[PDB]
Amino acid sequence: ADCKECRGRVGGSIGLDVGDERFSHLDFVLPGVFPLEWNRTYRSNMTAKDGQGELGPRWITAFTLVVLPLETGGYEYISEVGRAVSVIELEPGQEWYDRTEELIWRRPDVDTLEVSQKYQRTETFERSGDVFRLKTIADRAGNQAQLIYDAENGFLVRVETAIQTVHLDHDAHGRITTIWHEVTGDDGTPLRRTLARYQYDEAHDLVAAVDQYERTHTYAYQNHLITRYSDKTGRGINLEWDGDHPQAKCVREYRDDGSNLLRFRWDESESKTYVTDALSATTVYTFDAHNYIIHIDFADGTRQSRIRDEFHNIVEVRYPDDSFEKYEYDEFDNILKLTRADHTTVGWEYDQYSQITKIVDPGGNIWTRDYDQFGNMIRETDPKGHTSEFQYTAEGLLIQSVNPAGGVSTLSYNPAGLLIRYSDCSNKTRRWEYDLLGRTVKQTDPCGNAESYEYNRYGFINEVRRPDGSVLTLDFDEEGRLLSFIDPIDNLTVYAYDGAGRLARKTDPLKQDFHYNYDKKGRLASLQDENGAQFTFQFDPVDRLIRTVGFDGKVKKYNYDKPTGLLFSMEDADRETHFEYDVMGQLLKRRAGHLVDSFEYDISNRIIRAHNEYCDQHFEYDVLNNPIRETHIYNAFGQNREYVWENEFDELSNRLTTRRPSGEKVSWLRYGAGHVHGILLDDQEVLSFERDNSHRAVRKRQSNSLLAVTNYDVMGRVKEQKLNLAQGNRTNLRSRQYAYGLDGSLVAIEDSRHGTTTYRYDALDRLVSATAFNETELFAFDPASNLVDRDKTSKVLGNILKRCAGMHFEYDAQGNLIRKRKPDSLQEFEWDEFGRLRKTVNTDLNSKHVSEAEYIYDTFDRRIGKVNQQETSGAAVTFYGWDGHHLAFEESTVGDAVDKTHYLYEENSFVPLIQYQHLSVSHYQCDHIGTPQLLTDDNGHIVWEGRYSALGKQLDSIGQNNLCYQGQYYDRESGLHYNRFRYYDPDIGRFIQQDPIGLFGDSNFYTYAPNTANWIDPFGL
């Protein structure tokens, strides 16, 4: 017969064994600890409900299940997915574990049958004549929904739950017509609601269904075999069949526009199924005598094989490179042992209730779990011995949790099982309020600021009213596709969807159109930006992206391997990068021209060693994968360096102490869940943090007798910053105030040493004007947001900015910058085989003074060193140390003198905290987005002040500091800003190289951030 979904992983698009269609539509979800979900399943070959169907011939729900006695000894269980499950003749008091269908069958009484889905769900049946009707359904925690039938009709008239009651009205033929549910108001009188409405035709088929929000499904049939069904928006899926009998095989699937065609052929003499798509690519499934997949032949000529237990479990999967995945099962069909490729093993253990008790990783590390008599997971223990405790209520809801550090987290729910409140390890309480229909209407942050929600006609959110008075407005299809969105400042963005539900066009607040186009199969075939340029996609018969043509017209190719499916070679225009892997698909070698990067992995799939010709790096981990130790070996510019990082972590995997290679020990004092409340460099506390209920830094008491205070808005925005003499009785202050619009953009700044700074934005939050210091900067953008011109007191088709503000640019074949000629300096750049700036040549035109620089990177593209070679003024070999993604220190050797400076940041941002060298420590004072503005020494004096243009260029400042913005290091030799894995040009505010992430990041590959006054981070947007 037909397969069961518990065995095969992908066993049907519609149905691959016998060709049956089985879609499911949802009418209502009433909330509760046991939710009432009226999911209606259609099954083509279900003959059980043709004669007397509650919802028509071929419809079934979780509340309309039935167990039918057979002719001789036994039963058949009509499952929720419409599959007739055969059962053995149970006698009273017998329990049989159905291994073919993973079902525990017990006969509690003569007229009762009970089913359990491995204790995850329980269904009990009651005999009423020649059938066994479903009496009640049960949860793991014993929660119940009970079915009530009429005394004379025998129809399911109502269903009851701990708090909710659902009534079903029936016509003269026993088919459901209307569905009601009991509810009240804020108080007072009972209120009854229509929840579902059904329509039937002359063929007794369910032809129309309307849900609780008056959204309509439409159905069409051929001898009760569906030929079209529609989403709640009217968009449909059409089918055709091999005949009229219920055993007919569906041969065609297509949308209303004809696209997404699927063609099904059947090889009944070889037990094979051919499925051909809209581009004549064919996937061939081969089945055993029990209609389970044993082979899959894909459109690229590859075959996958599946070896099966006598119980239809998959015990082995063989891939076209003969790579194996082996599984072992108990007599309870639980996967005991996973034998991966390379023969590494993962093991599990189970109790009688099929719940995971122990997990062992390929490294032999043990994780354990404990359960109570009610089925809840009480404990979980890691291989280090730490334990997190969980306690539950009689309804099975998680009420309280204790972390390994002893921090207690608490929850509370309404009678509908909806999360009302959450309190962290610091008892900071978040709260939620809910509608009478279970929809969230209010959310209150731990600081008391309440967000409010309103819902449209279709049950989706209509507006979001925020604490600052700003309002978002939204528009949604009947099926939840966002149609329109309005900013709190009335900027309108519109989205359009084609006849299949695919996004076809996005319209900007400046009413620019962005187009999406699809091939005959429905894959994204082309884009069209606001400038009119095209991005092209190209796929193989197995949907692997083989080639792209960008808006630049740049061709990019991806040469995948056939047996392994791994990307062996990626070809950019005039460029090629080769890749090497192991049997586990882990990248072992990255080769291109003169460069080779290599990686080494442990048994637990962690990167143990990563080395190239300039840098060898070794990593050591604990059993929780925490980096306990790192050793960086440098080999550049004729100098050898070895830097060792050693880390200690608490039971929450938060690092308590780090001994950096220069010899200093850094300690972080944390509370609750890991919130840093203090930092100890060497044995002296450098700074302390007092934090609000949102764990934001409000007071920063510094070691230099200074106090930095930050006041936050009712939104998450920084309202004001103060710097006061914490110790002096006359607490002299340096201050700065911020002001924002309703959308969130920063409009004005007021500083103590300086004056008003004002930002103006267009309808795309793009900085067009910035006024400050008796001057005003203006910006102009093309449709694709390329900065065409800027000054202070046509289209860039292909997004490669060739000219701007008197500056001229020339680019690589890879789209990287090569030459930049601004009025007083000519610069030349060279790029390595991996896409990184390897050489810079700067020629001053006023003095003919040439200066070269070379850059060196590790296997993770972190720049580890650079050498500056002024033609007649010595050399400067600099080396960089990296604490993960943070620039730990920089050490420059100019002649016989070496000067090294270290850095320390807030843990989850690139906002710098201190600069230390000598035992001296200097404190940073940054803006709202982390751009350093001040630097104060040990004596409390401002030793360096930062001044920035509207694009962030360090203007003439009214020791020093090479850190700008967030994660941006100022390379003085080029005038460029080194970002994380990229390079930023402060003259035009764009990257001088395309984005490696690709279209996942932004359509324009050079854009940093529309506004450059706020909304900036090292990775960018």
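Calculation notes
For each chain, positions are counted from 1 along the sequence as written; this may not be the entry's numbering. Residues without coordinates are not shown. Heavy atoms from the whole structure form the basis of all side-chain values; hydrogens and water molecules are not counted. UniProt positions are given in the numbering used here, feature names are shortened, and annotations may be inferred rather than shown by experiment. Centres within 6.5 Å make a pair out of two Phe, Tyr or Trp rings, where for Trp the six-membered ring is used; the pair is then stacked when the planes are under 30 degrees apart, edge-to-face when over 60, and tilted otherwise. Exposed residues in this analysis have more than 50% of their type's maximum accessible area, buried residues have under 20%, and partly exposed residues fall in between, with area computed by a 1.4 Å probe over protein chains only. The criterion is that NZ of a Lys, or CZ of an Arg, lies within 6 Å of the ring centre and within 35 degrees of the ring normal, and then a charge sits over that ring. The criterion for strand pairing is that DSSP finds at least two bridges linking the strands in question. Strands are runs of DSSP state E lasting at least 2 residues, helices are runs of H or I lasting at least 4, and numbering of each runs from the N terminus.

UniProt annotates the protein under Subcellular location (unreviewed entry) with the comment "Secreted". Comment text from UniProt for the protein, heading Sequence similarities (unreviewed entry), reads "Belongs to the VgrG protein family."

*Asks:* Go over the packing of aromatic side chains with me, naming the residues and quoting the values.
*Replies:* Taken as a whole, this structure holds 40 aromatic pairs when the rule is applied. On the basis of an interplanar angle of 90 degrees and a centroid distance of 6.3 Å, the ring pair of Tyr 948 and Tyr 965 is categorised as edge-to-face. The exposure class assigned to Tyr 965 is buried, which follows from its relative accessible area of 6%. Ring pairs connect the aromatic residues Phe 23, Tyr 42, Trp 59, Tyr 219, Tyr 221 and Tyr 229, which therefore count as one cluster. Above the plane of the ring of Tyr 455 lies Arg 439, whose end atom (NZ or CZ) is 4.8 Å from the centre. The ring of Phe 889 carries the charged tip of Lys 900 above its face, separated from the ring centre by 5.5 Å.

*Asks:* Residue-level account of the pairing of strand β47 (residues 524-528), with values.
*Replies:* Strand direction decides the pairing type here: strand β46 (residues 513-518) and β47, joined by 4 bridges, are antiparallel. When the bridges of β47 are listed, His 515 appears paired with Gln 528. As consecutive antiparallel partners, β46 and β47 are separated by 5 residues, and within that stretch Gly 522 has a phi angle of approximately 100 degrees, a positive value. Of the strand pairs in this sheet, β47 and strand β48 (residues 534-539) are connected by 3 bridges, and their pairing is antiparallel. Across the sheet, residue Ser 526 finds its bridge partner in β48, namely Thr 536. The antiparallel pairing of β47 with β48 creates a hairpin that spans 5 residues between the two strands, and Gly 532 there sits at a positive phi of about 100 degrees.

*Asks:* I'd like a rundown of the pairing of strand β49 (residues 545-549), residues and numbers included.
*Replies:* Note: β48 against β49, 4 bridges, orientation antiparallel. When the bridges of β49 are listed, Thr 536 appears paired with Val 549. Hairpin geometry of β48 and β49 is characterised by an intervening segment of 5 residues between the two adjacent antiparallel strands and by a positive phi of about 65 degrees at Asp 543. The pairing of β49 with strand β50 (residues 555-560) spans 3 bridges and is classified as antiparallel. Looking at β50, one finds that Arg 547 is bridged to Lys 557. The hairpin formed by β49 and β50 contains 5 residues between the paired strands, and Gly 553 there has a positive phi angle of roughly 80 degrees.

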